[PDB]
Structure formats: C-alpha cells, structure tokens
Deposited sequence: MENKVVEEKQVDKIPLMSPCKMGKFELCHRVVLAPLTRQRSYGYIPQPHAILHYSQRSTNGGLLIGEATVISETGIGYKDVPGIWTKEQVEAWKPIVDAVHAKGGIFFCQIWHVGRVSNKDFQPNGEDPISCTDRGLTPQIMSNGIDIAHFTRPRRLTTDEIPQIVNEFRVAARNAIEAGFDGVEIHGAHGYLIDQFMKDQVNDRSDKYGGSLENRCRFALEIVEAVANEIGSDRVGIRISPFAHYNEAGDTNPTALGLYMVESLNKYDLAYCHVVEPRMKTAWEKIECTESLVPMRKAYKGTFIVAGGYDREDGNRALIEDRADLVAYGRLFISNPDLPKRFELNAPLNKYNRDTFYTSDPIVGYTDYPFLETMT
C-alpha cells in the first residue's frame, strides 16, 4: 500500500508524533458520579498508538461546570487519582494524552448545580429546549446567572487549577475547550455575549475570557503543553456569530504570541479555514467530517498539520492502522454514543480482523 500523508510523523511542540490521525475529544457519558472509571483505561488504551495524539473527552473543571450526567471531572483528589490509571495505559503504548478541560456555562440546569444554584454564563439568557440524542426526551436548561466582572478571574482560575490537576494525573498536556457554545465560546460569540463591561462589546472584548484562560493555563504548566479548540462557524447551542471568519482570524492571530502546542479548529458545516491556517504560525489541527481521502487531501493542500477524527475513531480503535493499510472501516452506531454501558458501543468495536 502506498504511503500516505496521514501516516507521516509530525513535530508538535515538545512532542514527536509518529502520525497525523488524532483522536478527537469525545464525551461518552460513562464516568459514573463524575469520576473517571476503569473501563476508560481500556477504551483509551485500545486507541493508543506509539506517538499518536489522543485528546480526551471534555472534562469538567468544577461543580458548576456540569451540564450532563456522568462526564468526568478533575477538580477533586479522587478524580485525579482515578485518571492516573487511564493516563498510564495510554503512556504504556507510547501515546501522547491531552486532557480537554471544560465548563458548560449556561448549557446546564439548576439540578446539575451545587445546592440547586443557577448555571453561570457571560449572559443571563437561557437556552431553548432541545431534543436529546434519543429523540424522545427533551433537555431543559436553566436561565444562567450573568457572571459579574470580578467573578470571572475566579473562573479563569478553575481552568488553571484543572490544568495543574491534569498534569498531576500524568497528562502530557491540556486542550482548552473553547468550542460548541460552551462557556468560553459563549463569551466569544456575539449572538450570546451581550455584556457591556470589558468582557463584551467588541471582538477583542469577547475574546478576553478565552485568552485570559490561555495565559493562566500556559503560565501554570507551560505553553508547549497547551492546546485550544474553537469552532468559529459552529452555531451549536445558539452560539453563532455575525462575523465568524473575522472572529476566527482574530483568535488565531492572538494565539500566535502564546506559542501553544496547537490550535484545533472545527470545519464549517463562503466559510473556510484556509485564512485561519495561513494566519496561525503553529500546529493546526482541523476536524469535522473528514475521511481518509479528505484527510490526506487536507495535508497535500497544506490546510492543516494534523487531522482529528471523532465518529470514525469511536467505531475504529485502530483507525490510524486502518487508514495506513487503506482498510475497510467499522460503521459507528450513534445510538450508543451517549449511553452508559461500560462496554456496549464503547469498548466493543473490533480491531482489524
């Protein structure tokens, strides 16, 4: 089989990656009681490769960052200890593991919050109800409390502490979750951020929160161990922007000075990531609808340095290998993306026969 660009080694920060197929972050809702579980050791281990980059599922930085059931956290000593074994399994196969640190912001309900308090956000406007992945149940959200100006630095601090805890659990680095309408994207998107203080009113102001987090995290553990994910063109969670391309350009240009390990950008569903890749001086990871053919073509056209896969990695533990041999791929079952079984639809997808 002819060699392909996707299998090419890549240097990223202090890391020497052996190939460019990246495991995208994937919330699977199987971390009972918000504590990483033993079955995660196997899941991540099955997808680990020597020098392959793995980005773990969104991980909550504090009690207020919960907007879903059984997603892992990393704010307690119990959670930190539960992560170590998982981090160890990935390391045992030569993998590079980044922990994605996350806060849902207004995408939550008072029932998920400490003492039944209201979710927090850049605004005080709640989300409209959405149909849950099972097509039957409906998710309802609580109108958030608008964070005050002086409270914001305390939230930036939670990302900082989470990043430190991630390092303590053995993670190679952390990915700041700045996408999909969650807390950070809420501050960035003008359809959401109607603040009238220094954290709103302009492109620069809307991005302040995101960049303040980058700085605190980078300072806490070193920029070469930090990455960030953004989705300028995504509208998920009523978080669109009137000028996506400019929003995106602004972020990658601002991110250059931090010398991060990488910038992970989600493809638009005329919108393009070409200008962003051109503006960003570091490692560029793209994601969103890629297959073997598109992945190689993105590298050939020099649109990215790394290509992250979500859905195909869910159903193909050995995706990098399958791509390399140009082998057939298991289909993925969305019906078990978010179910809670320790094995079904989680660790029971087959390796190349």
Per the record, the structure omits deposited positions 1-10, 280-289, 374-376
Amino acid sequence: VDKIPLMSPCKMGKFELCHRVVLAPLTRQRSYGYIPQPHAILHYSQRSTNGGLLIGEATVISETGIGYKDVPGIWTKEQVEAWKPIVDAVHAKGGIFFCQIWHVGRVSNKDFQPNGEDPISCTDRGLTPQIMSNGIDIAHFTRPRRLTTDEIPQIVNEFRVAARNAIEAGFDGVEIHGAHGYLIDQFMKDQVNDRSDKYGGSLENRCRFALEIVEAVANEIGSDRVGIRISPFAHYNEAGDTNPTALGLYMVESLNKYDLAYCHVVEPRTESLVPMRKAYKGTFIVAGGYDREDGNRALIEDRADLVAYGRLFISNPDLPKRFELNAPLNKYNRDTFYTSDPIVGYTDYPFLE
From here on, numbers count along this sequence of modelled residues.
Read off the CA B-factors in the entry, average them over 280-288 and over 324-332, and name the higher stretch. 324-332
Mind checking which third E63 falls in for C-alpha B-factor across the chain? highest
Using the B-factors in the PDB entry, rank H140's C-alpha atom against the chain and give the third, lowest, middle or highest. highest
For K69, return the chain-relative third of its C-alpha B-factor as stated in the PDB record: lowest, middle or highest. highest
Chain third (lowest, middle, highest) by recorded CA B-factor, residue given as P342: highest
Against its chain's modelled residues, does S231's Cα B factor rank lowest, middle or highest third? lowest
